[PDB]
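What follows is a single structure, written as structure tokens, with notes after it.
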Amino acid sequence: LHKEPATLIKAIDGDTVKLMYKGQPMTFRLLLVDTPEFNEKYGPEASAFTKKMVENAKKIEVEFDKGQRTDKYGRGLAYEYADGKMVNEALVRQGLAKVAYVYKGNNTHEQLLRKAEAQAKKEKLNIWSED
């Protein structure tokens with residue numbers, strides 16, 4: 001896999017963001033993560049997390065996996081990096097998202113995400129606070 005340049009157009013919510021990619025404005029859906037919707041418990045937190053992380057990042061990068069690059073809605077499917085830090089992993093580590101089911105072979109960072117998740121769960125962070 002390889003990281004590619006992208007530019008923030010607009011933060012959306014926990015697992016989606018509007019970015020410019022190769023000159024085209026696109027909606028990207030974060031691979032392997034499921035964040036609560038905005039008007040759902042932990043949704044405002046998840047949205048504020050990604051917003052802050054991406055809005056203050058000098059360099060935004062997109063890394064497509066080995067599987068399907070776009071879903072049925074035309075959204076780009078990738079691992080998003082803000083100044084070298086993976087947004088997907090950062091969310092799961094904070095207990096603001098759970099690892100999602102693999103979508104069409106995009107599973108390269110599945111173990112890494114599961115490890116970020118396990119630690120969040122062990123620390124009873126946010127979504128895991130009722131375990």
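Residues in the structure tokens are numbered from 1 in each chain, the chains being A, B, ... in the order shown, and ligands are numbered from 1 in the order shown.
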If we count only C-alpha atoms and set the cut-off at 12 Å, which residues sit around residue 86 (chain A), ignoring sequence neighbours fewer than 2 positions away in its own chain? Please answer as a ChimeraX atom specification.
/A:3,30-31,33,50,53-54,57,59-63,78-84,88-93,109,112-113,116
Could you pull out all residues of chain A with a DSSP call of alpha helix (DSSP H) and give them as a VMD selection string?
chain A and resid 43 to 55 87 to 93 110 to 122
I want to know what sits within 9 Å of residue 125 (chain A), based on only C-alpha atoms, with residues of the same chain fewer than 5 positions away left out; could you give that as an MDAnalysis selection string?
chainID A and resid 93:96 119:120
Take the residues that were just selected and, keeping N, CA, C and O atoms, output them as a compact mmCIF listing (two decimals), in the first residue's frame.
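Resulting contents of out_35.txt:
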```txt
# COMPACT_ATOMS: atom_id res chain seq x y z
N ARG A 93 -8.69 3.74 18.85
CA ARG A 93 -7.87 3.80 20.07
C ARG A 93 -8.57 4.61 21.17
O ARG A 93 -8.43 4.32 22.36
N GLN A 94 -9.34 5.61 20.77
CA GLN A 94 -10.06 6.46 21.72
C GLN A 94 -11.40 5.88 22.14
O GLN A 94 -12.09 6.45 22.97
N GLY A 95 -11.77 4.73 21.57
CA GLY A 95 -13.05 4.12 21.89
C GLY A 95 -14.20 4.92 21.28
O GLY A 95 -15.30 4.95 21.83
N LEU A 96 -13.92 5.59 20.17
CA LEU A 96 -14.94 6.38 19.48
C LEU A 96 -15.41 5.69 18.20
O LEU A 96 -16.18 6.25 17.42
N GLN A 119 -7.19 -2.27 23.23
CA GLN A 119 -6.64 -1.41 24.26
C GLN A 119 -7.70 -0.43 24.76
O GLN A 119 -7.79 -0.17 25.96
N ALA A 120 -8.52 0.09 23.85
CA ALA A 120 -9.58 1.02 24.22
C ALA A 120 -10.60 0.29 25.09
O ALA A 120 -11.09 0.83 26.08
```
All strand (DSSP E) positions in chain A, as an MDAnalysis selection string
chainID A and resid 4:11 16:21 24:30 33:34 60:64 76:82 85:86 98:99
Using only N, CA and C atoms, please write the residues we just selected to a file, as a short mmCIF file (atom, residue, chain, number, x, y, z; two decimals), in the first residue's frame.
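Written output follows (result26.cif):
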```cif
data_model
loop_
_atom_site.label_atom_id
_atom_site.label_comp_id
_atom_site.auth_asym_id
_atom_site.auth_seq_id
_atom_site.Cartn_x
_atom_site.Cartn_y
_atom_site.Cartn_z
N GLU A 4 -1.12 8.64 -0.51
CA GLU A 4 -1.27 9.61 -1.60
C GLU A 4 -1.80 10.92 -1.05
N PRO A 5 -1.48 12.04 -1.73
CA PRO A 5 -1.94 13.36 -1.30
C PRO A 5 -3.44 13.60 -1.47
N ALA A 6 -3.99 14.40 -0.56
CA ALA A 6 -5.40 14.78 -0.56
C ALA A 6 -5.48 16.08 0.21
N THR A 7 -6.56 16.84 0.01
CA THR A 7 -6.71 18.12 0.70
C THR A 7 -8.10 18.21 1.31
N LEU A 8 -8.16 18.67 2.55
CA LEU A 8 -9.44 18.79 3.24
C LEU A 8 -10.34 19.83 2.59
N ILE A 9 -11.57 19.42 2.30
CA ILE A 9 -12.55 20.34 1.75
C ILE A 9 -13.46 20.68 2.94
N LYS A 10 -13.94 19.64 3.61
CA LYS A 10 -14.84 19.81 4.74
C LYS A 10 -14.94 18.56 5.61
N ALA A 11 -14.92 18.76 6.92
CA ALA A 11 -15.08 17.65 7.85
C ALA A 11 -16.57 17.33 7.79
N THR A 16 -16.69 9.75 7.86
CA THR A 16 -16.68 10.30 6.50
C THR A 16 -16.10 11.70 6.52
N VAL A 17 -15.51 12.10 5.40
CA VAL A 17 -14.88 13.41 5.27
C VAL A 17 -14.86 13.79 3.79
N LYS A 18 -14.94 15.09 3.50
CA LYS A 18 -14.93 15.57 2.12
C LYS A 18 -13.51 16.03 1.78
N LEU A 19 -12.90 15.38 0.79
CA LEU A 19 -11.53 15.70 0.40
C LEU A 19 -11.35 15.88 -1.10
N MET A 20 -10.30 16.61 -1.46
CA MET A 20 -9.94 16.81 -2.85
C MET A 20 -8.92 15.70 -3.09
N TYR A 21 -9.12 14.91 -4.13
CA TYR A 21 -8.20 13.82 -4.45
C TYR A 21 -7.94 13.86 -5.94
N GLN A 24 -10.29 16.13 -7.81
CA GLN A 24 -11.72 15.88 -7.73
C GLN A 24 -12.23 15.86 -6.30
N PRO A 25 -13.32 16.59 -6.03
CA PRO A 25 -13.93 16.67 -4.70
C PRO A 25 -14.64 15.34 -4.47
N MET A 26 -14.31 14.66 -3.38
CA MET A 26 -14.90 13.35 -3.10
C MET A 26 -15.23 13.16 -1.64
N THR A 27 -16.13 12.23 -1.38
CA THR A 27 -16.50 11.87 -0.03
C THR A 27 -15.73 10.58 0.25
N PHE A 28 -14.95 10.57 1.32
CA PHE A 28 -14.21 9.38 1.69
C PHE A 28 -14.84 8.73 2.92
N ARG A 29 -14.93 7.41 2.89
CA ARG A 29 -15.47 6.63 4.00
C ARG A 29 -14.29 5.87 4.59
N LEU A 30 -14.03 6.11 5.87
CA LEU A 30 -12.93 5.47 6.58
C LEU A 30 -13.04 3.95 6.62
N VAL A 33 -13.68 0.94 10.08
CA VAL A 33 -14.19 1.54 11.31
C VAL A 33 -15.67 1.92 11.22
N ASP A 34 -16.35 1.82 12.35
CA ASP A 34 -17.76 2.18 12.47
C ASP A 34 -17.90 3.13 13.65
N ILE A 60 -2.65 15.91 4.72
CA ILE A 60 -3.68 14.88 4.76
C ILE A 60 -3.31 13.88 3.66
N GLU A 61 -3.32 12.60 4.00
CA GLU A 61 -3.00 11.56 3.04
C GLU A 61 -4.07 10.48 3.02
N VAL A 62 -4.25 9.90 1.84
CA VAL A 62 -5.21 8.83 1.64
C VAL A 62 -4.44 7.60 1.17
N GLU A 63 -4.75 6.45 1.76
CA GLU A 63 -4.10 5.20 1.42
C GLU A 63 -5.16 4.16 1.10
N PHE A 64 -5.31 3.86 -0.18
CA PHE A 64 -6.28 2.86 -0.61
C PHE A 64 -5.71 1.49 -0.25
N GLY A 76 -14.95 7.22 -1.69
CA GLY A 76 -13.62 6.62 -1.71
C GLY A 76 -13.43 5.84 -0.42
N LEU A 77 -12.81 4.67 -0.51
CA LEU A 77 -12.57 3.84 0.67
C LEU A 77 -11.08 3.82 0.97
N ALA A 78 -10.70 4.47 2.07
CA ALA A 78 -9.29 4.53 2.39
C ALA A 78 -8.94 4.76 3.85
N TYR A 79 -7.66 4.60 4.14
CA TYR A 79 -7.11 4.85 5.46
C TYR A 79 -6.68 6.29 5.33
N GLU A 80 -7.13 7.14 6.25
CA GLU A 80 -6.77 8.54 6.19
C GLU A 80 -5.71 8.89 7.23
N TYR A 81 -4.69 9.61 6.78
CA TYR A 81 -3.59 10.02 7.65
C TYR A 81 -3.51 11.54 7.76
N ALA A 82 -3.36 12.00 9.00
CA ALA A 82 -3.23 13.43 9.28
C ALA A 82 -1.84 13.61 9.89
N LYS A 85 -0.31 10.39 11.17
CA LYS A 85 -1.11 9.63 12.14
C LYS A 85 -2.40 9.15 11.48
N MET A 86 -2.70 7.86 11.60
CA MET A 86 -3.92 7.34 10.98
C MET A 86 -5.17 7.74 11.76
N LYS A 98 -15.70 1.27 16.46
CA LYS A 98 -15.43 -0.17 16.56
C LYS A 98 -14.89 -0.61 15.21
N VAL A 99 -14.13 -1.69 15.20
CA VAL A 99 -13.58 -2.22 13.95
C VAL A 99 -14.75 -2.80 13.17
#
```
Set the distance at 8 Å and use only C-alpha atoms: which residues neighbour residue 106 (chain A) once local chain neighbours fewer than 6 positions away are removed? I'd like the list as a list in words.
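Here the qualifying residues turn out to be residues 31, 32, 65, 66, 67 and 68 of chain A.
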Deliver the residues from the most recent selection as a file, using N, CA and C atoms, as an mmCIF file, in the first residue's frame.
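Output below, filename selection_34.cif:
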```cif
data_model
loop_
_atom_site.group_PDB
_atom_site.id
_atom_site.type_symbol
_atom_site.label_atom_id
_atom_site.label_comp_id
_atom_site.auth_asym_id
_atom_site.auth_seq_id
_atom_site.Cartn_x
_atom_site.Cartn_y
_atom_site.Cartn_z
ATOM 1 N N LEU A 31 -12.023 3.280 6.094
ATOM 2 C CA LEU A 31 -11.977 1.820 6.071
ATOM 3 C C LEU A 31 -11.877 1.177 7.449
ATOM 4 N N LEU A 32 -12.535 0.030 7.581
ATOM 5 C CA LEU A 32 -12.518 -0.786 8.789
ATOM 6 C C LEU A 32 -12.999 -0.200 10.114
ATOM 7 N N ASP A 65 -6.583 0.530 -0.009
ATOM 8 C CA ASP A 65 -6.155 -0.819 0.336
ATOM 9 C C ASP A 65 -6.084 -1.642 -0.953
ATOM 10 N N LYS A 66 -5.882 -2.948 -0.818
ATOM 11 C CA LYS A 66 -5.769 -3.845 -1.964
ATOM 12 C C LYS A 66 -7.104 -4.268 -2.584
ATOM 13 N N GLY A 67 -8.212 -3.908 -1.938
ATOM 14 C CA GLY A 67 -9.524 -4.275 -2.446
ATOM 15 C C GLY A 67 -10.219 -3.191 -3.250
ATOM 16 N N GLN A 68 -11.549 -3.174 -3.185
ATOM 17 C CA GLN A 68 -12.362 -2.191 -3.896
ATOM 18 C C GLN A 68 -12.101 -0.790 -3.334
#
```
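Straight-line separation from CA of residue 104 (chain A) to CA of residue 70 (chain A): 10.0 Å.
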Nearest to residue 45 (chain A) among A:110, A:123, A:131, A:15, with distances taken over only C-alpha atoms: which residue is it?
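Of A:110, A:123, A:131, A:15, the one nearest residue 45 (chain A), counting only C-alpha atoms, is A:15.
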Please indicate the distance in Å from CA of residue 14 (chain A) to CA of residue 35 (chain A), rounded to one decimal place.
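For CA of residue 14 (chain A) relative to CA of residue 35 (chain A), the distance reads 5.4 Å.
CA of residue 97 (chain A) to CA of residue 36 (chain A) spans 7.0 Å [interatomic distance, one decimal].
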